$ cat entry22.cif   # mmCIF, N, CA, C and O atoms and all ligand atoms
data_input
loop_
_atom_site.label_atom_id
_atom_site.label_comp_id
_atom_site.auth_asym_id
_atom_site.auth_seq_id
_atom_site.Cartn_x
_atom_site.Cartn_y
_atom_site.Cartn_z
N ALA A 1 16.78 8.95 23.44
CA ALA A 1 16.90 9.04 24.89
C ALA A 1 15.56 8.72 25.55
O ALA A 1 14.49 9.01 25.01
N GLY A 2 15.63 8.10 26.73
CA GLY A 2 14.46 7.65 27.44
C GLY A 2 13.99 6.26 27.06
O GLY A 2 13.32 5.61 27.86
N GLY A 3 14.32 5.80 25.86
CA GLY A 3 14.02 4.44 25.45
C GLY A 3 12.80 4.26 24.58
O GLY A 3 12.33 3.12 24.43
N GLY A 4 12.26 5.32 24.01
CA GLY A 4 11.11 5.17 23.13
C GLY A 4 10.46 6.51 22.87
O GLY A 4 10.74 7.51 23.53
N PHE A 5 9.59 6.50 21.86
CA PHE A 5 8.78 7.66 21.54
C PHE A 5 7.78 7.94 22.65
O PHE A 5 7.49 7.08 23.49
N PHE A 6 7.23 9.15 22.64
CA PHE A 6 6.17 9.49 23.57
C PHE A 6 4.87 8.80 23.15
O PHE A 6 4.62 8.58 21.96
N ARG A 7 4.05 8.45 24.13
CA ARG A 7 2.87 7.64 23.87
C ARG A 7 1.90 8.36 22.94
O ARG A 7 1.78 7.99 21.76
N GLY A 8 1.21 9.38 23.44
CA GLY A 8 0.26 10.11 22.62
C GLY A 8 0.94 10.96 21.57
O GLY A 8 0.76 12.18 21.53
N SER A 9 1.72 10.32 20.70
CA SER A 9 2.56 11.01 19.74
C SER A 9 2.22 10.57 18.32
O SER A 9 1.50 9.59 18.09
N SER A 10 2.75 11.33 17.37
CA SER A 10 2.66 11.03 15.95
C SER A 10 4.05 10.72 15.41
O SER A 10 5.02 11.41 15.73
N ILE A 11 4.13 9.67 14.60
CA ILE A 11 5.38 9.19 14.02
C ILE A 11 5.17 9.09 12.52
O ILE A 11 4.12 8.62 12.07
N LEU A 12 6.16 9.54 11.75
CA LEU A 12 6.08 9.53 10.29
C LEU A 12 7.21 8.66 9.75
O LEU A 12 8.39 9.01 9.86
N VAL A 13 6.85 7.51 9.17
CA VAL A 13 7.84 6.58 8.62
C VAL A 13 7.94 6.92 7.14
O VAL A 13 7.37 6.26 6.26
N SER A 14 8.68 7.99 6.84
CA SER A 14 8.82 8.42 5.47
C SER A 14 9.81 7.52 4.74
O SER A 14 10.80 7.06 5.32
N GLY A 15 9.53 7.25 3.47
CA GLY A 15 10.41 6.41 2.68
C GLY A 15 9.96 6.35 1.24
O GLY A 15 9.14 7.14 0.79
N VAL A 16 10.53 5.38 0.52
CA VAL A 16 10.22 5.14 -0.88
C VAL A 16 9.84 3.67 -1.04
O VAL A 16 10.00 2.86 -0.13
N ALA A 17 9.32 3.34 -2.22
CA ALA A 17 8.91 1.97 -2.50
C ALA A 17 10.10 1.02 -2.35
O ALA A 17 11.08 1.12 -3.10
N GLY A 18 10.01 0.12 -1.37
CA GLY A 18 11.08 -0.81 -1.07
C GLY A 18 11.86 -0.49 0.19
O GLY A 18 12.84 -1.19 0.48
N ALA A 19 11.45 0.52 0.96
CA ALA A 19 12.20 0.91 2.14
C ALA A 19 11.88 0.02 3.34
O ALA A 19 12.79 -0.39 4.06
N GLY A 20 10.60 -0.28 3.57
CA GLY A 20 10.21 -1.11 4.70
C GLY A 20 9.28 -0.42 5.68
O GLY A 20 9.13 -0.86 6.83
N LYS A 21 8.66 0.66 5.22
CA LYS A 21 7.78 1.45 6.08
C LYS A 21 6.68 0.58 6.67
O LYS A 21 6.40 0.63 7.88
N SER A 22 6.02 -0.21 5.82
CA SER A 22 4.90 -1.03 6.29
C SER A 22 5.36 -2.03 7.34
O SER A 22 4.64 -2.32 8.29
N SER A 23 6.58 -2.57 7.18
CA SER A 23 7.06 -3.55 8.14
C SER A 23 7.38 -2.90 9.48
O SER A 23 7.11 -3.48 10.54
N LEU A 24 7.96 -1.70 9.46
CA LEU A 24 8.19 -0.99 10.73
C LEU A 24 6.86 -0.70 11.42
O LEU A 24 6.74 -0.86 12.65
N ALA A 25 5.85 -0.28 10.65
CA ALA A 25 4.54 -0.05 11.25
C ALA A 25 3.96 -1.33 11.84
O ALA A 25 3.39 -1.32 12.93
N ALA A 26 4.10 -2.45 11.12
CA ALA A 26 3.62 -3.72 11.63
C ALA A 26 4.36 -4.12 12.90
O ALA A 26 3.77 -4.77 13.78
N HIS A 27 5.63 -3.75 13.03
CA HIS A 27 6.36 -4.05 14.26
C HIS A 27 5.83 -3.22 15.42
O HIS A 27 5.68 -3.72 16.54
N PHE A 28 5.55 -1.93 15.18
CA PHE A 28 4.85 -1.13 16.18
C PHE A 28 3.57 -1.83 16.64
O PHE A 28 3.31 -1.98 17.84
N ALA A 29 2.77 -2.27 15.67
CA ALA A 29 1.50 -2.91 15.98
C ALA A 29 1.71 -4.20 16.78
O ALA A 29 0.95 -4.49 17.71
N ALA A 30 2.72 -4.98 16.41
CA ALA A 30 2.98 -6.23 17.13
C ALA A 30 3.42 -5.96 18.56
O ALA A 30 3.07 -6.71 19.47
N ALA A 31 4.20 -4.90 18.78
CA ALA A 31 4.50 -4.49 20.14
C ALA A 31 3.22 -4.22 20.92
O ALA A 31 3.03 -4.72 22.04
N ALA A 32 2.32 -3.43 20.32
CA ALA A 32 1.06 -3.12 21.00
C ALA A 32 0.28 -4.39 21.33
O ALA A 32 -0.25 -4.53 22.44
N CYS A 33 0.21 -5.33 20.39
CA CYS A 33 -0.57 -6.54 20.61
C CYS A 33 0.09 -7.47 21.63
O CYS A 33 -0.61 -8.14 22.39
N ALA A 34 1.42 -7.51 21.66
CA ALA A 34 2.11 -8.39 22.60
C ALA A 34 2.07 -7.85 24.01
O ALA A 34 2.16 -8.62 24.97
N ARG A 35 1.95 -6.53 24.18
CA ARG A 35 1.87 -5.95 25.51
C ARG A 35 0.44 -5.92 26.07
O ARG A 35 0.22 -5.34 27.13
N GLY A 36 -0.51 -6.55 25.38
CA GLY A 36 -1.87 -6.66 25.87
C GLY A 36 -2.82 -5.59 25.38
O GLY A 36 -4.02 -5.65 25.71
N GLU A 37 -2.35 -4.63 24.60
CA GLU A 37 -3.19 -3.55 24.10
C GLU A 37 -3.83 -3.96 22.78
O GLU A 37 -3.67 -5.09 22.30
N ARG A 38 -4.58 -3.04 22.19
CA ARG A 38 -5.22 -3.24 20.89
C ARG A 38 -4.65 -2.24 19.89
O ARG A 38 -4.38 -1.09 20.24
N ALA A 39 -4.47 -2.70 18.65
CA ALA A 39 -3.88 -1.88 17.61
C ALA A 39 -4.71 -1.98 16.34
O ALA A 39 -5.40 -2.98 16.10
N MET A 40 -4.63 -0.93 15.52
CA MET A 40 -5.35 -0.89 14.26
C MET A 40 -4.37 -0.67 13.12
O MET A 40 -3.44 0.13 13.24
N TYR A 41 -4.59 -1.39 12.01
CA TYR A 41 -3.79 -1.27 10.80
C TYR A 41 -4.74 -0.88 9.67
O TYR A 41 -5.54 -1.70 9.21
N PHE A 42 -4.65 0.38 9.23
CA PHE A 42 -5.44 0.89 8.11
C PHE A 42 -4.57 0.80 6.87
O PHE A 42 -3.75 1.69 6.61
N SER A 43 -4.76 -0.27 6.11
CA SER A 43 -4.05 -0.45 4.85
C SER A 43 -4.85 0.19 3.72
O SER A 43 -6.08 0.07 3.66
N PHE A 44 -4.14 0.90 2.85
CA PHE A 44 -4.74 1.54 1.69
C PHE A 44 -4.15 1.04 0.38
O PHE A 44 -4.48 1.56 -0.68
N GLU A 45 -3.27 0.03 0.45
CA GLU A 45 -2.67 -0.51 -0.77
C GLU A 45 -2.42 -2.01 -0.67
O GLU A 45 -1.81 -2.57 -1.60
N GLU A 46 -2.84 -2.68 0.40
CA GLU A 46 -2.53 -4.09 0.60
C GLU A 46 -3.69 -4.77 1.32
O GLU A 46 -4.25 -4.22 2.27
N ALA A 47 -4.04 -5.97 0.85
CA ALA A 47 -5.02 -6.78 1.56
C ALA A 47 -4.46 -7.22 2.90
O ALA A 47 -3.25 -7.35 3.09
N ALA A 48 -5.36 -7.44 3.87
CA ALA A 48 -4.92 -7.80 5.21
C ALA A 48 -4.27 -9.17 5.24
O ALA A 48 -3.24 -9.37 5.90
N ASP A 49 -4.86 -10.15 4.56
CA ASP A 49 -4.24 -11.47 4.47
C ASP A 49 -2.89 -11.38 3.79
O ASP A 49 -1.93 -12.04 4.20
N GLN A 50 -2.79 -10.55 2.74
CA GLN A 50 -1.51 -10.34 2.08
C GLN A 50 -0.49 -9.74 3.04
O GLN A 50 0.69 -10.09 3.00
N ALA A 51 -0.94 -8.84 3.92
CA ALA A 51 -0.03 -8.24 4.89
C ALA A 51 0.47 -9.28 5.88
O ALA A 51 1.65 -9.28 6.24
N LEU B 1 -0.21 -6.45 -19.07
CA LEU B 1 -0.73 -5.17 -19.56
C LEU B 1 0.46 -4.32 -20.00
O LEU B 1 1.25 -3.87 -19.17
N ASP B 2 0.56 -4.09 -21.31
CA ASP B 2 1.71 -3.43 -21.91
C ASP B 2 1.27 -2.37 -22.90
O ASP B 2 0.69 -2.71 -23.95
N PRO B 3 1.52 -1.08 -22.63
CA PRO B 3 1.99 -0.45 -21.39
C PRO B 3 0.85 0.22 -20.62
O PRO B 3 -0.07 0.74 -21.24
N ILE B 4 0.92 0.19 -19.28
CA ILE B 4 -0.07 0.90 -18.48
C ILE B 4 0.16 2.40 -18.48
O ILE B 4 -0.63 3.15 -17.89
N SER B 5 1.24 2.87 -19.12
CA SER B 5 1.49 4.30 -19.23
C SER B 5 0.63 4.96 -20.30
O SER B 5 0.48 6.19 -20.29
N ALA B 6 0.07 4.18 -21.23
CA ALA B 6 -0.73 4.76 -22.31
C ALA B 6 -1.94 5.50 -21.77
O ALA B 6 -2.31 6.56 -22.28
N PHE B 7 -2.58 4.96 -20.72
CA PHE B 7 -3.79 5.56 -20.19
C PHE B 7 -3.53 6.85 -19.42
O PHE B 7 -4.50 7.53 -19.05
N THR B 8 -2.27 7.19 -19.16
CA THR B 8 -1.98 8.42 -18.43
C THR B 8 -2.48 9.65 -19.19
O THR B 8 -3.04 10.57 -18.60
N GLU B 9 -2.29 9.66 -20.51
CA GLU B 9 -2.68 10.82 -21.30
C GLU B 9 -4.20 10.98 -21.35
O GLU B 9 -4.72 12.10 -21.30
N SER B 10 -4.92 9.86 -21.45
CA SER B 10 -6.38 9.90 -21.61
C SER B 10 -7.05 9.66 -20.26
O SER B 10 -7.60 8.59 -19.98
N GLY B 11 -7.01 10.68 -19.42
CA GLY B 11 -7.67 10.62 -18.12
C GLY B 11 -7.19 11.72 -17.20
O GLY B 11 -6.16 12.33 -17.38
N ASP B 12 -7.99 11.94 -16.13
CA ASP B 12 -7.67 12.98 -15.16
C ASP B 12 -6.80 12.39 -14.04
O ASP B 12 -6.37 11.24 -14.10
N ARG B 13 -6.55 13.20 -13.01
CA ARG B 13 -5.64 12.80 -11.94
C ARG B 13 -6.13 11.53 -11.25
O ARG B 13 -5.39 10.55 -11.11
N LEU B 14 -7.39 11.54 -10.80
CA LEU B 14 -7.91 10.45 -9.98
C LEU B 14 -8.55 9.34 -10.80
O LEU B 14 -8.57 8.19 -10.35
N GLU B 15 -9.06 9.64 -12.00
CA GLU B 15 -9.76 8.63 -12.77
C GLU B 15 -8.81 7.55 -13.28
O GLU B 15 -9.16 6.36 -13.29
N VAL B 16 -7.61 7.94 -13.71
CA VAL B 16 -6.64 6.95 -14.18
C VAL B 16 -6.22 6.03 -13.04
O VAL B 16 -6.14 4.80 -13.20
N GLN B 17 -5.94 6.61 -11.87
CA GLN B 17 -5.59 5.80 -10.71
C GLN B 17 -6.74 4.87 -10.34
O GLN B 17 -6.51 3.71 -9.99
N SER B 18 -7.98 5.36 -10.41
CA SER B 18 -9.12 4.52 -10.08
C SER B 18 -9.26 3.36 -11.06
O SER B 18 -9.55 2.23 -10.66
N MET B 19 -9.04 3.63 -12.35
CA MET B 19 -9.11 2.57 -13.36
C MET B 19 -8.04 1.51 -13.10
O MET B 19 -8.32 0.30 -13.11
N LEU B 20 -6.80 1.95 -12.88
CA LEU B 20 -5.72 1.00 -12.62
C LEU B 20 -5.99 0.19 -11.36
O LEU B 20 -5.75 -1.02 -11.32
N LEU B 21 -6.50 0.84 -10.31
CA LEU B 21 -6.81 0.13 -9.08
C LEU B 21 -7.94 -0.87 -9.29
O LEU B 21 -7.92 -1.97 -8.73
N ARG B 22 -8.94 -0.50 -10.09
CA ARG B 22 -10.01 -1.43 -10.42
C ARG B 22 -9.46 -2.68 -11.07
O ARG B 22 -9.80 -3.81 -10.68
N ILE B 23 -8.59 -2.51 -12.07
CA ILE B 23 -8.03 -3.68 -12.76
C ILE B 23 -7.18 -4.51 -11.80
O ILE B 23 -7.24 -5.74 -11.79
N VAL B 24 -6.36 -3.84 -10.98
CA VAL B 24 -5.50 -4.55 -10.04
C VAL B 24 -6.34 -5.39 -9.09
O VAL B 24 -6.07 -6.58 -8.87
N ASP B 25 -7.39 -4.79 -8.51
CA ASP B 25 -8.22 -5.51 -7.56
C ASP B 25 -9.02 -6.62 -8.23
O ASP B 25 -9.24 -7.67 -7.62
N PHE B 26 -9.44 -6.43 -9.48
CA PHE B 26 -10.14 -7.49 -10.19
C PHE B 26 -9.23 -8.70 -10.38
O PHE B 26 -9.61 -9.84 -10.08
N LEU B 27 -8.02 -8.47 -10.89
CA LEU B 27 -7.09 -9.58 -11.09
C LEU B 27 -6.71 -10.22 -9.76
O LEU B 27 -6.54 -11.44 -9.68
N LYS B 28 -6.59 -9.41 -8.70
CA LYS B 28 -6.28 -9.97 -7.39
C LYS B 28 -7.40 -10.88 -6.90
O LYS B 28 -7.16 -12.02 -6.49
N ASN B 29 -8.64 -10.39 -6.95
CA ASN B 29 -9.77 -11.18 -6.47
C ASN B 29 -9.90 -12.48 -7.26
O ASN B 29 -10.09 -13.55 -6.68
N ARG B 30 -9.80 -12.40 -8.59
CA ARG B 30 -9.84 -13.63 -9.37
C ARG B 30 -8.56 -14.45 -9.23
O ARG B 30 -8.51 -15.58 -9.74
N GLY B 31 -7.53 -13.92 -8.57
CA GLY B 31 -6.32 -14.67 -8.31
C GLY B 31 -5.32 -14.70 -9.44
O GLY B 31 -4.31 -15.40 -9.33
N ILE B 32 -5.56 -13.96 -10.51
CA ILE B 32 -4.67 -13.97 -11.66
C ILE B 32 -3.37 -13.27 -11.31
O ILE B 32 -3.33 -12.33 -10.50
N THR B 33 -2.27 -13.72 -11.92
CA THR B 33 -1.00 -13.01 -11.81
C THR B 33 -1.06 -11.77 -12.70
O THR B 33 -1.51 -11.85 -13.84
N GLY B 34 -0.62 -10.63 -12.17
CA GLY B 34 -0.77 -9.39 -12.90
C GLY B 34 0.52 -8.69 -13.26
O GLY B 34 1.09 -7.97 -12.43
N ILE B 35 1.00 -8.87 -14.49
CA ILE B 35 2.21 -8.22 -14.97
C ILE B 35 1.82 -6.88 -15.59
O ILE B 35 0.93 -6.82 -16.45
N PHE B 36 2.47 -5.81 -15.15
CA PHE B 36 2.14 -4.45 -15.56
C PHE B 36 3.42 -3.75 -16.00
O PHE B 36 4.32 -3.56 -15.18
N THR B 37 3.51 -3.37 -17.27
CA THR B 37 4.71 -2.70 -17.75
C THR B 37 4.50 -1.19 -17.81
O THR B 37 3.44 -0.72 -18.24
N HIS B 38 5.51 -0.44 -17.37
CA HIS B 38 5.41 1.01 -17.30
C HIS B 38 6.67 1.68 -17.85
O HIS B 38 7.78 1.17 -17.72
N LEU B 39 6.45 2.84 -18.47
CA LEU B 39 7.51 3.63 -19.09
C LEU B 39 7.95 4.76 -18.16
O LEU B 39 9.14 4.92 -17.89
N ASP B 40 8.30 4.76 -9.86
CA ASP B 40 7.30 5.30 -10.77
C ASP B 40 6.05 5.75 -10.01
O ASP B 40 4.96 5.23 -10.23
N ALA B 41 6.23 6.71 -9.10
CA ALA B 41 5.12 7.29 -8.35
C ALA B 41 4.51 6.26 -7.41
O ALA B 41 5.07 5.17 -7.21
N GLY B 42 3.35 6.59 -6.82
CA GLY B 42 2.70 5.69 -5.88
C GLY B 42 2.21 4.40 -6.51
O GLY B 42 1.86 3.47 -5.77
N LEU B 43 2.14 4.35 -7.84
CA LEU B 43 1.84 3.10 -8.54
C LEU B 43 2.67 1.95 -8.00
O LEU B 43 2.15 0.86 -7.70
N1 LIG C 1 12.77 -12.65 4.35
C1 LIG C 1 13.25 -11.43 3.99
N2 LIG C 1 14.57 -11.16 4.05
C2 LIG C 1 15.08 -9.97 3.70
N3 LIG C 1 14.32 -8.95 3.26
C3 LIG C 1 12.97 -9.08 3.15
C4 LIG C 1 12.35 -10.36 3.51
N4 LIG C 1 11.03 -10.21 3.31
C5 LIG C 1 10.82 -8.95 2.85
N5 LIG C 1 11.98 -8.28 2.75
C6 LIG C 1 12.16 -6.89 2.30
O1 LIG C 1 11.05 -6.07 2.66
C7 LIG C 1 10.89 -5.03 1.69
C8 LIG C 1 9.43 -4.65 1.56
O2 LIG C 1 9.12 -3.78 2.65
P1 LIG C 1 7.68 -3.09 2.77
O3 LIG C 1 7.23 -3.17 4.21
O4 LIG C 1 6.82 -3.61 1.65
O5 LIG C 1 8.05 -1.56 2.44
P2 LIG C 1 7.02 -0.62 1.65
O6 LIG C 1 5.67 -1.22 1.98
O7 LIG C 1 7.24 0.74 2.26
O8 LIG C 1 7.43 -0.74 0.20
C9 LIG C 1 11.50 -5.55 0.39
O9 LIG C 1 12.35 -4.54 -0.16
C10 LIG C 1 12.28 -6.80 0.77
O10 LIG C 1 13.65 -6.73 0.40
#
$ encode --input "entry22.cif" --output "structure tokens"
Amino acid sequence: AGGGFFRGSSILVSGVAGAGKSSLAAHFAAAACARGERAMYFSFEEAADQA
Amino acid sequence: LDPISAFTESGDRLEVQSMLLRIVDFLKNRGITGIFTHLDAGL
């Protein structure tokens, strides 16, 4: 309801290997970048070029 | 690497993960294809 999460909020994309957590996070980031804001991606298991 | 499960017994919680990550990153940087067989956690 309302059409989205709250801004200053925390979101947990819980899953297992092969679920798509990283891609959902990347979609969040792409939303931020397309709306003119800045986003950060802290990868701990993947190179940035690989991402 | 067959099997990467052998090193589980001979190492602590973080040291085994660090060793495996070292090998993974080495093969990645040199561009080698890395086949890893295991007998699976965050691995
Ligand atoms: N072109 C594509 N078409 C359909 N599925 C895809 C495509 N590219 C990637 N995937 C799916 O994305 C998944 C990987 O998601 P990923 O973000 O790596 O999740 P996690 O990082 O949590 O394992 C794979 O299971 C794969 O099936």
$ atom_distance --input "entry22.cif" --atom1 "atom N of residue 33 (chain B)" --atom2 "atom O of residue 41 (chain A)"
24.5 Å
$ select_by_dssp --input "entry22.cif" --residues "chain B" --states "helix (DSSP H, G or I)" --output "number ranges by chain"
B: 6-8, 13-30
$ residues_near_ligand --input "entry22.cif" --ligand "ligand LIG 1 (chain C)" --cutoff "4.5 Å" --atoms "only N, CA, C and O atoms and all ligand atoms" --output "VMD selection string"
chain A and resid 16 to 23
$ interface_residues --input "entry22.cif" --of "chain B" --to "chain A" --cutoff "8 Å" --atoms "all atoms listed in the file" --output "PyMOL selection string"
chain B and resi 40-42
$ atom_distance --input "entry22.cif" --atom1 "CA of residue 29 (chain A)" --atom2 "CA of residue 14 (chain A)"
17.1 Å
$ atom_distance --input "entry22.cif" --atom1 "CA of residue 12 (chain B)" --atom2 "CA of residue 35 (chain B)"
23.4 Å
$ axis_aligned_box --input "entry22.cif" --around "region 5-14 of chain A" --padding-each-side "5 Å" --output "AutoDock Vina command-line options"
--center_x 5.5 --center_y 9.2 --center_z 14.4 --size_x 20.5 --size_y 15.9 --size_z 29.4
$ residues_around --input "entry22.cif" --residues "residue 17 (chain B)" --least-positions-apart "2" --cutoff "12 Å" --atoms "only C-alpha atoms" --output "list in words"
residues 4, 5, 7, 8, 10, 11, 12, 13, 14, 15, 19, 20, 21, 22, 23, 24, 41, 42 and 43 of chain B
$ residues_around --input "entry22.cif" --residues "region 7-12 of chain A" --least-positions-apart "2" --cutoff "12 Å" --atoms "only C-alpha atoms" --output "count of residues only"
11
$ residues_near_point --input "entry22.cif" --point "(4.7, -6.0, -23.3)" --cutoff "8 Å" --atoms "all atoms listed in the file" --output "count of residues only"
6
